[PDB]
Each structure stands twice: as C-alpha cells, then as structure tokens.
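Participant: Pasting a structure below so you can have a look.
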Amino acid sequence: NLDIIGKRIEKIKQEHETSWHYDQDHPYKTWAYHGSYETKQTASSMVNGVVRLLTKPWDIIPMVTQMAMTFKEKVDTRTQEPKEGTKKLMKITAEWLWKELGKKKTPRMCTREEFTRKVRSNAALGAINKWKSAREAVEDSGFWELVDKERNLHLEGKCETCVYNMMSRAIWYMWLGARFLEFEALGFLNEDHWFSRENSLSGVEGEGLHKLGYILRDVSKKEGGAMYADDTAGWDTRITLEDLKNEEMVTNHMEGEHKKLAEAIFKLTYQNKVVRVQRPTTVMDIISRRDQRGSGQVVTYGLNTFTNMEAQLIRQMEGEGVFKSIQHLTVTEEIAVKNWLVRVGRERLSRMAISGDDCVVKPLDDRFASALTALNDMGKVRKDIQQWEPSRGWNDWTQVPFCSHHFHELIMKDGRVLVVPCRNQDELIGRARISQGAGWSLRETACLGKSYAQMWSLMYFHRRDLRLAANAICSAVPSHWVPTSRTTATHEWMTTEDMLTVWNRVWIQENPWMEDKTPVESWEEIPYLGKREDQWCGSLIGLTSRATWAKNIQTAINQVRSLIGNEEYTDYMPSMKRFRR
Ligand SMILES: CS(=O)(=O)NC1CCCC1
Ligand SMILES: [Zn+2]
Ligand SMILES: [Zn+2]
C-alpha cells in the first residue's frame with residue numbers, strides 16, 4: 001500500500017496545497033481514495049465533409065447519421081480471489097506459455113532512439129505541462145533528465161511521477177516520460193512480435209485484416225467441435241492481481257538492468273496504480289487500486305493476448321477432463337496438466353485465434369461449451385449469457401465474429417479463392433464520415449477521406465457501394481495528395497502507389513494461400529459478393545436513392561473538386577464496367 005504509492009501521493013498533494021481536502025461525499029467503493037483538489041476543463045466527433053458529400057444516400061440512414069452525434073460503474077466493481085486449484089492452473093500454464101513464447105525470442109530494452117522515431121511518425125502513445133507536444137519534449141535534454149531521475153528511482157525500487165489520468169472503454173493517459181519507461185521495459189513484446197502467429201501459434205499480431213479470414217478457415221480445417229467466440233464482459237476490469245503476477249513472470253526471462261526496470265513497471269505502476277479522475281461535483285480525485293488493466297494500449301494488447309491464451313488453454317483442459325475440480329489440484333493433477341501442456345499444448349494453441357480480449361477457439365469437441373468453472377472463477381465472465389448456460393458455438397467459419405468482422409469465401413471468375421473481411425456497411429460508412437480533433441484544413445480532411453477510400457479498395461472491394469464510393473473519393477481528391485491519419489493490423493492502403501498494384505501485391509503476390517501468382521490486369525477481374533449477400537451485409541443496391549447517386553456520381557465528384565479548387569485530379573470511375581462507355 002502507501003509505502004509504494006505514498007511518494008506519488010505526497011508529490012501531488014504539495015502542488016495543490018492551496019486546494020487539498022479529504023472529501024467525505026466521495027463516490028468510490030472499490031478504489032482507495034486519498035484526497036481532492038481544484039481544476040476546470042472537459043473532444044467530440046466532427047464530420048468529414050469530403051466523405052459525407054460523396055455518400056449522399058446515407059444522409060437519411062439513422063444507423064450512419066447517429067454515429068456522428070453525442071461504463072464508469074464497471075471501473076468501480078471488484079473481482080473475487082480465484083480458488084487455490086484455479087491459481088495453480090494459471091501459474092503452471094503461465095510459466096509454460098512464457099517459456100514457449102521465449103524459445104525463439106530474446107527479451108531486450110527498447111531505446112530512446114526507437115521511442116523518438118515512433119513519436120516523430122504519429123503513434124497513439126496516450127501522453128498529456130512544459131512542452132507543447134511529445135515531438136518537442138523528445139528533442140529537449142531537460143525531458144531526458146526527468147526520465148533519468150524517475151529511471152534511477154525505479155532501479156532503487158521506488159516511483160514519484162508514474163501517475164494515471166482517466167478519460168465499455170477507459171484510456172489511462174500518463175506523461176510521456178512514464179510512457180518511455182513503460183516502452184523501454186516492455187516494448188519488446190510488440191516491437192519483436194512475440195504475439196505473431198509464427199511465434200505464439202494462437203496470436204495474430206501483425207496480421208492484416210486480409211489474413212484473418214484465411215487464419216479462421218485454417219482453424220476450421222482441424223477435427224473438433226463448433227467454433228466458440230465468447231466475448232468477456234469488460235475484460236480490462238476483470239484482470240485480477242493473480243493475472244498481473246502471472247504476466248510479471250516474463251521478467252524471469254530477462255537479466256541485468258532490463259530485469260530490474262521491468263520488475264519496477266510491474267510492481268510500481270501495474271500492481272499498484274495512482275489515478276487522477278475529473279469529478280463534476282470540478283475537483284480532481286486521487287485514487288489507487290492494485291488490480292484491473294491500466295498500461296499503455298500497446299502493452300495492454302500483448303498482456304491481454306497472453307492472459308486470454310492462458311485462460312482459453314485452461315478452458316480447453318477443463319473440457320478434456322485434465323482436472324476434475326478448481327477447489328484443489330492434487331499432486332498428480334499438477335503432473336497431468338504439465339504433461340498435457342508438453343504433449344499437446346502447441347497443438348491446442350493452433351486451435352485458437354486470439355487478438356487481445358477477442359478469441360475464437362475450435363476445441364477437440366463440444367464438452368468445451370459447458371466447461372465454465374475455471375473461466376467463471378478466473379473472473380472472465382461471458383457477455384450476454386447466464387453464468388452457467390453453455391456457450392453457443394458456430395458451425396461455419398464464415399459466420400464466426402472476430403475483430404468486429406466476419407469473413408466471406410469469394411471465387412474469382414478465374415477460379416482462384418479470396419477470403420475477404422466484411423462488416424455491416426452502415427458501420428463502415430458511418431466511421432469514414434467521422435474525424436477526431438480540431439484545426440483540420442480542407443486538404444487534411446480530403447487526405448483522411450482518401451485513406452478510408454484506399455482501405456475500402458483493398459479490404460472491402462467486394463461491396464458494390466464501397467468500391468463505387470472509394471473510386472469517387474479518389475477521383476475527387478488530387479491524385480498526388482498523400483493519405484493521412486492522426487491515430488495509426490498492417491496499413492497497406494497508406495501510400496500513393498496505384499491501388500491495383502497494391503491489390504496485386506496483397507491478395508496475389510504476398511498471399512501464402514494463393515498458389516497461382518498470375519497478376520490481375522484490371523479491377524473488372526476482381527469479384528463482388530453475390531447481390532443478395534451484399535444487401536444482407538447492408539448494401540443499398542436496389543434502392544432509388546442509390547441508383548440516382550451511382551448514375552449522377554460525376555456531379556458529386558465535381559462538387560468536391562470545385563470546393564478543393566484547381567488541382568490535378570484523375571478520373572477513376574471508368575475502372576468500373578458501368579462508367580467504361
Ligand atoms: C507505452 S506502450 O509501450 O504501450 N506504447 C508505446 C509508446 C510509444 C510507442 C508505443
Ligand atoms: Zn515511476
Ligand atoms: Zn458480409
């Protein structure tokens with residue numbers, strides 16, 4: 001408790017000594033509360049006018065238009081301690097999994113140089129004054145002296161400045177210095193691809209949306225039961241102190257300074273947290289707790305993948321009858337669990353696709369469906385089903401939800417097979433119509449529109465409305481203007497290369513599931529979904545609104561070209577049969 005967090009709490013007190021006060025009307029039940037002080041401040045979603053002017057039929061579709069308009073009683077809940085048998089299964093599994101992930105990888109520190117390069121190319125590092133932006137702090141030796149002071153404090157096993165700022169979501173911003181120290185110690189998990197499919201067997205880190213359907217189809221080829229895709233209710237809030245101790249065992253594979261710097265992140269910032277929260281009644285609350293997930297988003301992704309892989313292997317063990325009860329593992333159940341892992345562990349990992357809190361599992365058989373005691377006792381309670389009701393599985397890989405998508409098998413006129421990503425088209429159009437942040441020029445707004453258009457051409461070319469809208473936006477934005485994003489899966493659409501050349505490289509040349517490497521010479525060789533399937537997944541094909549939009553698209557393109565002004569444009573519409581004379 002307060003020996004580890006006191007220094008941080010002490011330092012904050014003094015900077016607001018004029019305002020400090022132990023409030024009595026504090027709303028916290030499960031957070032430890034320490035004091036309050038005076039503040040006064042809050043970024044809503046803005047519309048992208050280039051994309052909206054070129055998607056007129058969607059102006060009257062509420063699922064699209066409502067997306068642009070506008071639980072913290074889950075952060076203030078508690079998770080019970082797992083039983084002794086559960087804690088044993090988790091420790092054995094976690095020990096075994098870090099060894100497997102570490103067989104072909106070497107833990108190592110990430111560098112100031114590496115951190116500086118990621119800040120100077122727009123990452124979402126989630127930092128918060130003294131310098132304007134992160135770009136400025138990073139080019140100033142004063143910052144690195146602050147970093148140095150905290151760094152030596154961490155080697156000494158103590159913390160002064162690593163404090164969270166709060167804002168079914170929750171993003172915990174720290175100052176850039178704290179982020180550096182986190183990245184220095186644990187950045188290797190992402191930077192060296194510990195959760196790649198080749199390294200982790202269950203993982204999909206660095207797999208583009210163009211690979212995920214092929215991966216699910218490969219899992220479907222295994223003998224076994226249904227495919228299960230159970231979502232957890234509020235994964236980050238169900239991370240237990242036992243979970244955080246099993247994650248910290250990655251430090252057992254480290255040495256020297258690195259080992260000590262990583263041990264300090266886990267001990268001082270993850271297993272003990274200090275957070276500042278805006279309360280309207282406007283004070284700042286300084287609260288603490290030991291458990292739940294609060295790390296940078298990239299480290300959170302890798303540790304969520306780790307703990308999800310562990311939890312799903314244990315649910316598979318329960319279904320296969322490896323252990324009888326979570327109350328207590330006998331001496332010989334421990335050896336049975338260890339022996340299962342050594343004997344079939346890697347095969348069972350290959351039966352899963354795991355992306356942080358999101359999973360798909362094809363178990364050995366459907367006993368998995370009702371194997372719920374370990375999963376419930378680890379606190380990974382399933383969303384939108386009663387605690388003890390058996391899971392409903394999927395009989396067809398093309399129906400399974402994963403990473404907010406489903407996947408279609410699409411046969412090209414020439415016989416080759418594409419496995420393509422898909423989601424309801426209202427969600428895709430409604431997201432492309434939204435920007436984040438202030439001070440967008442017309443050129444910057446146009447370049448963000450172009451980024452969405454090129455993603456659609458690469459991932460969603462099979463949706464009639466999106467191929468047409470993508471061609472229209474690319475015709476409306478100057479040909480040489482570079483696609484942009486403010487928060488940056490692989491992003492092959494972020495380029496000024498011709499999109500047909502990029503399509504060929506992604507779907508044909510570099511596609512390990514495509515044996516025939518014959519290049520496609522035109523967009524007309526590239527197929528669509530069936531017309532009825534396109535409607536099922538939200539197409540407006542068949543509506544009068546959509547027909548008038550498609551017929552008159554050159555008028556929409558010319559409206560946007562007139563706003564942007566006298567620039568160099570390319571007509572991409574004749575790449576589609578109906579505008580090709
Ligand atoms: C703090 S983190 O390791 O989760 N994220 C990094 C911060 C800078 C680049 C990514
Ligand atoms: Zn610290
Ligand atoms: Zn679909």
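Each chain of the structure tokens is named A, B, ... in the order shown, its residues numbered from 1; ligands are numbered from 1 in display order.
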For chain A versus ligand 3, which residues have an atom no more than 8 Å away, and what is each residue's nearest atom pair and distance in Å rounded to one decimal, using only C-alpha atoms and all ligand atoms, chain-then-number order, as a Markdown table?

Facilitator:
```
| residue | atom | partner | partner_atom_place_in_ligand_line | distance |
| --- | --- | --- | --- | --- |
| A:406 | CA | ligand 3 | 1 (Zn) | 6.3 |
| A:407 | CA | ligand 3 | 1 (Zn) | 6.6 |
| A:408 | CA | ligand 3 | 1 (Zn) | 6.5 |
| A:421 | CA | ligand 3 | 1 (Zn) | 7.5 |
| A:422 | CA | ligand 3 | 1 (Zn) | 4.5 |
| A:423 | CA | ligand 3 | 1 (Zn) | 5.3 |
| A:424 | CA | ligand 3 | 1 (Zn) | 6.6 |
| A:533 | CA | ligand 3 | 1 (Zn) | 6.9 |
| A:534 | CA | ligand 3 | 1 (Zn) | 6.9 |
| A:536 | CA | ligand 3 | 1 (Zn) | 7.3 |
| A:537 | CA | ligand 3 | 1 (Zn) | 4.7 |
```

Participant: Would you export the selected residues with N, CA and C atoms as a tab-separated table (two decimals), in the first residue's frame, please?

Facilitator:
```tsv
chain	number	residue	atom	x	y	z
A	406	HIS	N	-16.82	-10.45	-39.97
A	406	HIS	CA	-16.97	-11.85	-40.42
A	406	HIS	C	-16.26	-11.92	-41.77
A	407	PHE	N	-16.18	-13.11	-42.32
A	407	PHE	CA	-15.33	-13.41	-43.49
A	407	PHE	C	-16.13	-14.21	-44.51
A	408	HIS	N	-16.02	-13.81	-45.78
A	408	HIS	CA	-16.67	-14.49	-46.93
A	408	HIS	C	-15.62	-15.24	-47.76
A	421	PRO	N	-12.57	-9.85	-45.66
A	421	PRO	CA	-13.18	-9.30	-44.44
A	421	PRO	C	-14.45	-8.53	-44.77
A	422	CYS	N	-15.40	-8.53	-43.84
A	422	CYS	CA	-16.70	-7.86	-44.07
A	422	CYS	C	-17.30	-7.41	-42.74
A	423	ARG	N	-18.06	-6.32	-42.76
A	423	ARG	CA	-18.97	-6.00	-41.65
A	423	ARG	C	-20.11	-5.17	-42.19
A	424	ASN	N	-21.12	-4.99	-41.36
A	424	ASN	CA	-22.31	-4.25	-41.81
A	424	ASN	C	-21.85	-2.91	-42.42
A	533	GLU	N	-26.27	-11.33	-51.01
A	533	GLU	CA	-25.30	-11.30	-49.87
A	533	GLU	C	-24.88	-9.84	-49.60
A	534	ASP	N	-24.67	-9.04	-50.63
A	534	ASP	CA	-24.26	-7.62	-50.49
A	534	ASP	C	-25.37	-6.85	-49.76
A	536	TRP	N	-27.73	-8.28	-47.75
A	536	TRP	CA	-27.71	-8.84	-46.38
A	536	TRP	C	-26.69	-8.09	-45.51
A	537	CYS	N	-25.51	-7.79	-46.06
A	537	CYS	CA	-24.45	-7.09	-45.28
A	537	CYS	C	-24.56	-5.57	-45.39
```

Participant: Please give me, as a PDB file with N, CA, C and O atoms, in the first residue's frame, the residues lying within 9 Å of ligand 2 when counting only C-alpha atoms and all ligand atoms.

Facilitator:
```
ATOM      1  N   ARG A   8       4.237   9.297  -4.657  1.00  0.00           N
ATOM      2  CA  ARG A   8       3.410   9.849  -5.763  1.00  0.00           C
ATOM      3  C   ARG A   8       2.291  10.699  -5.161  1.00  0.00           C
ATOM      4  O   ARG A   8       1.990  11.759  -5.727  1.00  0.00           O
ATOM      5  N   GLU A 150      13.493   9.585 -12.673  1.00  0.00           N
ATOM      6  CA  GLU A 150      12.496   8.515 -12.389  1.00  0.00           C
ATOM      7  C   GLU A 150      13.148   7.146 -12.612  1.00  0.00           C
ATOM      8  O   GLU A 150      12.945   6.250 -11.757  1.00  0.00           O
ATOM      9  N   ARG A 151      13.916   7.017 -13.699  1.00  0.00           N
ATOM     10  CA  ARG A 151      14.609   5.763 -14.100  1.00  0.00           C
ATOM     11  C   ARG A 151      15.477   5.266 -12.937  1.00  0.00           C
ATOM     12  O   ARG A 151      15.327   4.087 -12.556  1.00  0.00           O
ATOM     13  N   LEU A 153      15.176   6.226  -9.793  1.00  0.00           N
ATOM     14  CA  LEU A 153      14.168   5.909  -8.745  1.00  0.00           C
ATOM     15  C   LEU A 153      13.639   4.473  -8.925  1.00  0.00           C
ATOM     16  O   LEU A 153      13.570   3.739  -7.907  1.00  0.00           O
ATOM     17  N   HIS A 154      13.311   4.056 -10.153  1.00  0.00           N
ATOM     18  CA  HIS A 154      12.858   2.666 -10.460  1.00  0.00           C
ATOM     19  C   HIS A 154      13.948   1.619 -10.140  1.00  0.00           C
ATOM     20  O   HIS A 154      13.594   0.589  -9.537  1.00  0.00           O
ATOM     21  N   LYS A 158      11.444   2.392  -6.337  1.00  0.00           N
ATOM     22  CA  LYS A 158      10.532   3.474  -5.879  1.00  0.00           C
ATOM     23  C   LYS A 158      10.035   4.280  -7.094  1.00  0.00           C
ATOM     24  O   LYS A 158      10.718   4.273  -8.119  1.00  0.00           O
ATOM     25  N   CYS A 159       8.940   5.029  -6.944  1.00  0.00           N
ATOM     26  CA  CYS A 159       8.248   5.776  -8.034  1.00  0.00           C
ATOM     27  C   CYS A 159       7.793   7.149  -7.513  1.00  0.00           C
ATOM     28  O   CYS A 159       7.288   7.214  -6.371  1.00  0.00           O
ATOM     29  N   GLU A 160       7.893   8.201  -8.330  1.00  0.00           N
ATOM     30  CA  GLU A 160       7.468   9.573  -7.941  1.00  0.00           C
ATOM     31  C   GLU A 160       6.457  10.160  -8.941  1.00  0.00           C
ATOM     32  O   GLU A 160       5.571  10.920  -8.486  1.00  0.00           O
ATOM     33  N   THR A 161       6.556   9.853 -10.239  1.00  0.00           N
ATOM     34  CA  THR A 161       5.824  10.606 -11.292  1.00  0.00           C
ATOM     35  C   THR A 161       4.966   9.714 -12.203  1.00  0.00           C
ATOM     36  O   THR A 161       4.293  10.297 -13.058  1.00  0.00           O
ATOM     37  N   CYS A 162       4.972   8.382 -12.058  1.00  0.00           N
ATOM     38  CA  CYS A 162       4.188   7.454 -12.928  1.00  0.00           C
ATOM     39  C   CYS A 162       2.734   7.366 -12.417  1.00  0.00           C
ATOM     40  O   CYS A 162       2.390   6.408 -11.682  1.00  0.00           O
ATOM     41  N   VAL A 163       1.921   8.357 -12.782  1.00  0.00           N
ATOM     42  CA  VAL A 163       0.503   8.519 -12.330  1.00  0.00           C
ATOM     43  C   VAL A 163      -0.441   8.462 -13.541  1.00  0.00           C
ATOM     44  O   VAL A 163      -0.162   9.100 -14.567  1.00  0.00           O
ATOM     45  N   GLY A 177       7.106  10.736 -20.226  1.00  0.00           N
ATOM     46  CA  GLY A 177       8.243  10.139 -19.513  1.00  0.00           C
ATOM     47  C   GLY A 177       7.920   8.761 -18.969  1.00  0.00           C
ATOM     48  O   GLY A 177       8.735   7.840 -19.183  1.00  0.00           O
ATOM     49  N   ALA A 178       6.777   8.625 -18.292  1.00  0.00           N
ATOM     50  CA  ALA A 178       6.234   7.340 -17.779  1.00  0.00           C
ATOM     51  C   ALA A 178       6.049   6.346 -18.939  1.00  0.00           C
ATOM     52  O   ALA A 178       6.400   5.169 -18.774  1.00  0.00           O
ATOM     53  N   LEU A 181       9.400   4.928 -20.088  1.00  0.00           N
ATOM     54  CA  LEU A 181       9.879   3.919 -19.119  1.00  0.00           C
ATOM     55  C   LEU A 181       9.120   2.599 -19.329  1.00  0.00           C
ATOM     56  O   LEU A 181       9.742   1.499 -19.241  1.00  0.00           O
ATOM     57  N   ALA A 264      10.095  -3.187 -11.953  1.00  0.00           N
ATOM     58  CA  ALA A 264       9.619  -1.905 -11.384  1.00  0.00           C
ATOM     59  C   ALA A 264       8.329  -1.477 -12.093  1.00  0.00           C
ATOM     60  O   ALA A 264       7.407  -1.005 -11.406  1.00  0.00           O
ATOM     61  N   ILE A 265       8.262  -1.599 -13.418  1.00  0.00           N
ATOM     62  CA  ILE A 265       6.990  -1.287 -14.125  1.00  0.00           C
ATOM     63  C   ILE A 265       5.894  -2.170 -13.507  1.00  0.00           C
ATOM     64  O   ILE A 265       4.904  -1.598 -13.007  1.00  0.00           O
ATOM     65  N   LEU A 268       5.396  -1.267  -9.497  1.00  0.00           N
ATOM     66  CA  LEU A 268       5.133   0.113  -9.018  1.00  0.00           C
ATOM     67  C   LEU A 268       3.992   0.763  -9.792  1.00  0.00           C
ATOM     68  O   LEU A 268       3.357   1.677  -9.209  1.00  0.00           O
ATOM     69  N   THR A 269       3.753   0.367 -11.049  1.00  0.00           N
ATOM     70  CA  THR A 269       2.739   1.020 -11.919  1.00  0.00           C
ATOM     71  C   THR A 269       1.578   0.068 -12.253  1.00  0.00           C
ATOM     72  O   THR A 269       0.487   0.566 -12.384  1.00  0.00           O
TER      73      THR A 269
END
```

Participant: Let's see if you can do this: from backbone DSSP, list all helix (DSSP H, G or I) residues in segment 219-460 of chain A, as a VMD selection string.

Facilitator: chain A and resid 219 to 220 235 to 238 241 to 253 256 to 270 297 to 319 331 to 349 366 to 370 373 to 377 425 to 432 442 to 459

Participant: Counting only C-alpha atoms and all ligand atoms, which protein, DNA or RNA residues come within 8 Å of ligand 1, given as a PyMOL selection string?

Facilitator: chain A and resi 115+118-119+123-126+178-184+186-187+190+295-300

Participant: For a quick check of understanding, using only C-alpha atoms, which of A:523, A:270, A:173, A:452 has the smallest distance to residue 4 of chain A?

Facilitator: A:270

Participant: Determine, for each residue of segment 46-119 of chain A having at least one atom at most 12 Å from an atom of segment 220-241 of chain A, the closest pair of atoms and their separation in Å to one decimal, counting only C-alpha atoms; order by chain and ascending number, as a Markdown table.

Facilitator:
```
| residue | atom | partner | partner_atom | distance |
| --- | --- | --- | --- | --- |
| A:71 | CA | A:234 | CA | 9.1 |
| A:72 | CA | A:237 | CA | 10.4 |
| A:73 | CA | A:237 | CA | 10.6 |
| A:74 | CA | A:237 | CA | 7.0 |
| A:75 | CA | A:237 | CA | 6.1 |
| A:76 | CA | A:237 | CA | 8.8 |
| A:77 | CA | A:237 | CA | 7.8 |
| A:78 | CA | A:238 | CA | 8.1 |
| A:79 | CA | A:238 | CA | 6.3 |
| A:80 | CA | A:240 | CA | 8.3 |
| A:81 | CA | A:240 | CA | 7.6 |
| A:82 | CA | A:240 | CA | 8.6 |
| A:87 | CA | A:240 | CA | 10.7 |
| A:90 | CA | A:240 | CA | 11.5 |
```

Participant: Taking 2 positions as the minimum chain separation for residues in the same chain, which residues sit within 10 Å of residue 194 of chain A when counting only C-alpha atoms? Answer as a list in words.

Facilitator: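 Selected residues are residues 98, 101, 102, 104, 105, 106, 107, 188, 189, 190, 191, 192, 196, 197, 198, 199, 200, 203, 205, 302 and 306 of chain A.
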
Participant: Just checking: using only C-alpha atoms, which residue out of A:172, A:366, A:412, A:100 ends up closest to residue 508 of chain A?

Facilitator: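 Ranking A:172, A:366, A:412, A:100 by distance to residue 508 of chain A, first place goes to A:412.
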
Participant: Go through A:39, A:24, A:93, A:451 one by one, measure the shortest atom-to-atom distance of each to residue 249 of chain A using only C-alpha atoms, and give the residue with the smallest value.

Facilitator: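 The closest residue to residue 249 of chain A is A:93.
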
Participant: Do a neighbour search on segment 557-569 of chain A at 6 Å with only C-alpha atoms, toss out local chain neighbours closer than 2 positions, and write the hits as a PDB file with C-alpha atoms, in the first residue's frame.

Facilitator:
```
ATOM      1  CA  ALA A 476     -12.416  13.922 -56.020  1.00  0.00           C
ATOM      2  CA  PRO A 478      -5.961  15.490 -56.010  1.00  0.00           C
ATOM      3  CA  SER A 479      -4.141  12.376 -57.387  1.00  0.00           C
ATOM      4  CA  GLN A 554     -19.596  12.690 -61.673  1.00  0.00           C
ATOM      5  CA  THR A 555     -21.774  15.616 -60.395  1.00  0.00           C
TER       6      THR A 555
END
```

Participant: From the set A:337, A:274, A:219, A:529, which residue has the shortest atom-to-atom contact distance to residue 364 of chain A, counting only C-alpha atoms?

Facilitator: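 Residue with the minimum atom-to-atom distance to residue 364 of chain A: A:219.
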
Participant: What's the separation between atom CA of residue 397 of chain A and atom CA of residue 217 of chain A, in Å to one decimal place?

Facilitator: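 Going from atom CA of residue 397 of chain A over to atom CA of residue 217 of chain A, I get 6.2 Å.
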